[PDB]
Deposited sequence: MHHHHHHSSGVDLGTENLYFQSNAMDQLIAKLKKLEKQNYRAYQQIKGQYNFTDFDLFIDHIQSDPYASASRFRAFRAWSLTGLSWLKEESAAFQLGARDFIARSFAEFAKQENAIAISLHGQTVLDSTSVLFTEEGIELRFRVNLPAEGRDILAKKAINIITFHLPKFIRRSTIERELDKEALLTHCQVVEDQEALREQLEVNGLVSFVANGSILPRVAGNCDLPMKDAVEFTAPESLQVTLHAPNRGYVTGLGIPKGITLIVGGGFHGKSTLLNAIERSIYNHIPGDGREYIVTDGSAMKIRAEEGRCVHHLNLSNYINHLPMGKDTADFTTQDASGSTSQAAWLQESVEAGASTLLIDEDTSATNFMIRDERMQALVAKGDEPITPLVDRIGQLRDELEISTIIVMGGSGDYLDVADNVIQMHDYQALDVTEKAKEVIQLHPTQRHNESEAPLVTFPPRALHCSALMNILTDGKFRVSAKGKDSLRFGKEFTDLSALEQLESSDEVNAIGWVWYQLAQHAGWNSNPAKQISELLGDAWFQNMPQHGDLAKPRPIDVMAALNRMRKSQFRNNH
């Protein structure tokens, strides 16, 4: 109130002055119920909005009990608070907080500590073209803003019946995800789930859709602390095929699985679907770069006498890029691989005697996944789920086979084996040490690039003057995690030299207190270590080597 009145009076003087004058507002202001922080002042009304932060001690909120709930329960609480703040702030468009659509992410928009709750958001400072409108600014910052900050962080001001439900569904999702390993499962699709979305350009669920039901033969029942027992499709470890004719729901099922690496909000249709957190969907990429990667397990020969054990390029082929992606995922410690025959290189998937008859000179044939996929399971315990409907030689090595028909799952593993007996149709899979990363070389990119670090949506990531294409990483949900990826790189750049295990280093940097070493931005979400590597594997300046 006193510091607030100090700001009010200080803000009145800025009336009709140049927009540059807002720089004087920069600083901390200890209000009555909270501390207000104004970190970055935009230099233009039409530029990115000014960043603000607000802190509230647990004593004044009536939500101290949240500290004694599970980390997942608190994850939802933080998400619910951000959405509540956004809802109360609809009538004031100058205020904006970073939301994550249908998912619940570990975001910086709302953070918990031992001291209290922290809110991070933006405030588009007004003006009459360029001259400052103090009276409007006062109304936003000293009248409206304080109300949204309070209402969003006061037990009674929030809808508790909706809060508990929100936190409970997220807690259940984490609980269900933790017991996948114990039950020898890599994914779980609860009965009653709504898999299809309204359209291809929208992540919301389709209304009036055929609800999912699992075939008893492949049915499992998990237990959530709030909802209790939940029955659904249990996809066991190993190789699992998703077959069926065209337009029957194979991709829709796989899409739900690939996205179940994240938690979803209630009513989304997928909030009771969980999948191995490290599951990586691989597809064919055109034009990507690959750094000193060993592809001996898949590619045997290359033109221009290049080393298959130290493959490097700035314009990768289809089968080459997918093979590289595959190896990169193993390197990063992925337990599950997702593949869709409709978005992959046929050459890389299957073998063919036809082609090998006329291309049998000095070009040794590539080793297709079908020959290695079995070894990935038996040797590395890596599961794989594949949408097919085209080839059939995979049916032999598959553990389970699911058929989609009129948008319902059917267990056809038994009949699948019968087809092989009626009509029937090798080298050791080598594990390699991870490539070392030149952590200090990243600093050079920042210096030459003015320490620029930002994301343009989900597809691109700018690190200095370098732009990284992340289009292929379709599992990514928000640009917030892309920004976070860039700020992880920024931290890697602070280290002395080379690191012989980057994935491990990245994992340790994001060790629960992942946000403390990043700038205090409100548009950041914890990214997966495997995704940081994936993005880094596609950065054209990245320096990797082989301690071999």
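The chain's deposited sequence has unresolved stretches at 1-21, 447-452, with no C-alpha coordinates there.
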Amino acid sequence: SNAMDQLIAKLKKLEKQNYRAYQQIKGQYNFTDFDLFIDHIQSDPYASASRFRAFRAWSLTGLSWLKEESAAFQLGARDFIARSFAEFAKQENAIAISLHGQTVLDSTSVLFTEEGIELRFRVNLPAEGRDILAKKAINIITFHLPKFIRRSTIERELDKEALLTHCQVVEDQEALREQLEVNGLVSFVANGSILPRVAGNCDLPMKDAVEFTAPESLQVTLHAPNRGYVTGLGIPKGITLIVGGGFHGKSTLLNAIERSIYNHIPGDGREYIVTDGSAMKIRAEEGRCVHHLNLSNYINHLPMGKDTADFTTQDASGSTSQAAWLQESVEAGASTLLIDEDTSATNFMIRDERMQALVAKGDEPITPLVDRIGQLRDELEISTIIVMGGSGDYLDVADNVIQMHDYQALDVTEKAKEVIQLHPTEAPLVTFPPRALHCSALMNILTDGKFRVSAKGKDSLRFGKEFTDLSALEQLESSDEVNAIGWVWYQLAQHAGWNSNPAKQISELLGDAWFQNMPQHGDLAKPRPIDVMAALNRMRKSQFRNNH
From here on, numbers count along this sequence of modelled residues.
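Of the two segments examined, 521-529 and 18-26, it is 18-26 that shows the higher average Cα temperature factor in the deposited entry. Averaged over their C-alpha atoms, the temperature factors of 473-481 and 403-411 are higher for 403-411. Note on the listed residues 394, 80, 272, 325: the highest Cα temperature factor in the record is that of 394. You'll see in the entry that, of 285, 331, 131, 268, the Cα B factor peaks at 131.
When the modelled residues of the chain are ordered by C-alpha B-factor, residue 389 sits in the highest third. Annotation for residue 116: C-alpha temperature factor in the middle third relative to the rest of the modelled chain, per the entry. The PDB entry assigns residue 348 a C-alpha temperature factor belonging to the highest third of its chain's modelled residues. Per the PDB record, residue ranking by Cα B-factor puts residue 43 in the highest third of the chain.
Remark: residue 87 belongs to the middle third of its chain, ranked by C-alpha B-factor as recorded.
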